[PDB]
Structure formats: C-alpha cells, structure tokens
C-alpha cells in the first residue's frame, strides 16, 4: 500500500532512489539515496528501508548492465542500512564507518562487511568521497561527495526546515558540525537530503539555522 520505489536520473552517472515508510506523526516519509555509476560499476549511497526494495533497486541496475560494486550507508538508522543484510547475502560489499558499525551492533542490526575510520574516506578515488562533519542527526552521520558533478548526499544530517527525529541526535554538537559542513561544501551544485527535495548549497546554511534553533529549544524546561 506504500508508494513504489522510484528511480530517477539526477545527473550524468547519478540516480536518486526514493523508498517510502509510514512514520508515526511524520506521515508517509520519502527516503532519498543515490546510485552512482563509475564506468559500468554501480555504488548504492544508502539502501532503501527494506530487503525487497534493495533487491528491486539492484535488479533495475543489473538488468541495464551495471555491476553492483558496493553500498555505503550514511548512518546506522534503517533508512540508510535496511538492505545491508540482503546485500551481504548476495556477496555485495557493504561499507560503513567504524562508528556506524558500532551503532548498528548496539541497535541489534546486521553490520556492514567493510569499515573505515577517520574523517575523509575515498570509497572510489576521485569519484565517491565520505566525509564525517561531526555528530548531528546521529553521532555517526556522514555525507557523500561526488567531486565530478559537485553533488553532496547530505542524508539525514541535511534538514533545511526542521530537524525531524531527534531520538539519537547530538543537539549540542549539531551547530558546530553544520558550520564545518557549510565551510567545506559551499561549492556544491546539488545537495540531496534524505527526506526533502534536492536543492543547492543554501541547504547547508538552512541546516545550520535549524541546528541552532534545535539546540535553543533543547535548553527550555
């Protein structure tokens, strides 16, 4: 009864995948991830919520002649990681930061088979970069940068109009983290949030404004 998985071309070699979940209070929430094509290899930037939609996504690309080389999950929540177990079962390399894999284990979830540490990580040299801005939406949240098309996948860190689910947030750190991201990716042409429409570098400033207001709200009784 949920909207079908969507796959829409965003730019040369870049697709947005949109999967849907009902979230109590938030309604029917779209989740955007990317598929990035390097040569004839496909990289999932976040998995759909479900194994079934992860399989539909993979099959769509494989039928068109792309080889699934890996997934990277931007944070531990199921809107980024729901398909890791299914990918693992198909011997598709899954990636997450050491911190994301720690928070997956803490949450009783299947871990990524491959991990990385530190602040900047090249999943694919000169094509797909992982950057940790610091804690915000979650302690582990990372962004994914595509240097060639100047596309930033913000995941659930980019929150231009409201912060959404604060359950795992570090509201004290989020402003400092958003200042760092804003300083690093002003050159972004496209910024792709998890749960709202694609925009431009202005989404980094709007996110900073929301983080500052969230921290203020957290200090009220």
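Definition used throughout: the rigid core is the maximal C-alpha set that superposes within 1.5 Å between two forms. Residue numbers count along the first chain shown, from 1.
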Which stretch is more displaced from the shown form in 8 other deposited structures of this protein, 24-32 or 157-165, with RMS over structures and residues of Cα positions after a rigid core fit?
24-32
Report the stretch with the higher root mean square CA deviation, pooled over structures and residues in 8 other deposited structures of this protein, choosing between 12-20 and 209-217 after a rigid core fit.
209-217
Please compare 191-199 with 23-31 and name the stretch with the higher mean C-alpha B-factor in the deposited structure.
23-31
Mean Cα B factor from the PDB record: higher for 151-159, or higher for 54-62?
54-62
Quiz for you: based on the deposited Cα B-factor, which of 145, 76, 116, 122 is highest?
116
Position of residue 175 among the chain's modelled residues by C-alpha B-factor, lowest, middle or highest third:
lowest
Splitting the chain's C-alpha B-factors into thirds, which one does residue 45 fall into?
lowest
Please say which third, lowest, middle or highest, residue 101 falls into when its CA temperature factor is compared across its chain.
lowest
Quick tally, chain-level thirds of C-alpha B-factors: residue 91 sits in the highest
Considering only modelled residues of the same chain, in which third does the CA B-factor of residue 208 rank: lowest, middle or highest?
middle
